[PDB]
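First comes one chain, alone, set out as structure tokens in the form deposited in one PDB entry.
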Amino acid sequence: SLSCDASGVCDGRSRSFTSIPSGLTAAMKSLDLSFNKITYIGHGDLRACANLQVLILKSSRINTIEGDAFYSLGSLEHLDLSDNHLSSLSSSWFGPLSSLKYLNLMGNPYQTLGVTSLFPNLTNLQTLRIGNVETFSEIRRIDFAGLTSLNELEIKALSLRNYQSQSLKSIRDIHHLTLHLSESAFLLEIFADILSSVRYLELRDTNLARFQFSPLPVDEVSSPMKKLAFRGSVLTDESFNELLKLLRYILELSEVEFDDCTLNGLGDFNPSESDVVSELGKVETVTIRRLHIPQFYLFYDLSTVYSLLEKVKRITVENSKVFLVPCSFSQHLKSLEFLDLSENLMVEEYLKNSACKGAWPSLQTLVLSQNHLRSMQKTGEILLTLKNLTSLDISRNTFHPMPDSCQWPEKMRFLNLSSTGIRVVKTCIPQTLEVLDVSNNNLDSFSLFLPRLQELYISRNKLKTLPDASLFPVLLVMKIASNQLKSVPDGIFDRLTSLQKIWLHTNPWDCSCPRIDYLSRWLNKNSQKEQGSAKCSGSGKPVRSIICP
């Protein structure tokens, strides 16, 4: 039932094949036989595909593949056998695939990679994925013998029972390593074998409650690891302190991420010499999202965090119930340039403490995108302490109507007031602004003169009339999609003399011929500026299609 195209891209995906389709050719460059029922693959099912570059056999129900089944596929660069029923992996399968770049074997019920090295002859491999949720249980020294460089290696071993020493050490260059571990029993050991190879390490679903640090036998303590990421992990204050002791080896680590993690406040370490601040070495960026902190008893030290974040330049802590960032804590974040506190519980009174006198000196960008702020004037007043602030985002906050006069930090040139519920716009908004976003609100008109405005986002409001062009002399980008606009005054866009991009879609354009003449001609003379397609209200055809006598 195949359906191929001019360039050899054939599609047999999700048919109902019970065996590879008969009579394939050497013209096919890609064959997608996913979601089928190919239970067995024999000696002569892919013989005639000498030019095949892509073979996708994901989620079929393959449980048997003859040893020389891929023998004549020397031009194969992408092989995906994921989510099948392969209980065993044969080394003869990969013998004739020296040109293979991507190999996905994950999702198969095998217990190990076998007794024979499967990839020694895959000189050009770049991406390898192996493992599964409950069967894969052993990793051996012969498993990756031969591989020297890999862009991406993913190992799913949530049921791991044993890891041999140095199994990972033979590989010298791994740009991205993703390990799915359920327990930490072998983590320490695995670290010993990846510290001189892994650039980006990613741990998934790991319970690190009982993780303990212990000296490692590095060769020169020069780890090329730049990004460390924990996702869906469980930690304790005790095991957390053990984890940061590992930083002493990754002298170059610049980004640490914690996604959907849990921090059980139990244990509560006390040993002094077993704290090791080390100023988190060279951590430049810290990102925390959806951190769940069960039973946050009373007051913790917090001082065992000041000296730790002294050199961090970017911090993000979103959707983690943050309601207060103590002043003395902010005063120690001397290098913080970017702070993102989106989706938390901040309110004026506590922001006032978080943004005290010497708080976040040198902070350039602040994001308070979805908290419990109620007053624009009060917020602006509180942020006057941040002398270096140039970008402020306070979108998705329910504000009371803004006054006519406000005080904002001196260098503020970016202000995001999106999804803020405002119905009017007033001079509280400073003339210094370059970028302003008041999209997704309840505006009926815009009359603010912003001489330096370069970008206006006013999409998703109720403007019936377009803003006067003289209001933005050097405007580069204007977004005014989804806005009840029916027409524009003749010649208005030629007056936006520096305009580069404009969004006009989703507006009930009155395509009556006399009236729509200007708008139509301008769009035909400026298609490179329009993003999306302004359509006629009623019919639905593109406004640029109209041609009036």
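Residues carry their position along the shown sequence, with the first being 1. For clarity, a rigid core is taken as the largest C-alpha set superposing within 1.5 Å between two forms.
Only in words, not in the display: the form deposited in another entry, which the text now covers.
When the two forms are overlaid on the rigid core, CA displacement between this form and the one not shown of 2 Å or more is confined, within 276, 188, 384, 305, to 276. Core-superposed comparison between this form and the one not shown: the CA of residue 267 exceeds or equals a 2 Å shift. For residue 217, the Cα coordinates differ by 2 angstroms or more between this form and the one not shown after the core has been superposed.
Between residue 299 and residue 229, the Cα spacing is smaller in the other entry than in the shown form, differing by no less than 3 Å. In comparison with the shown form, the Cα-Cα distance of residue 271 and residue 246 decreases by at least 3 angstroms in the other entry.
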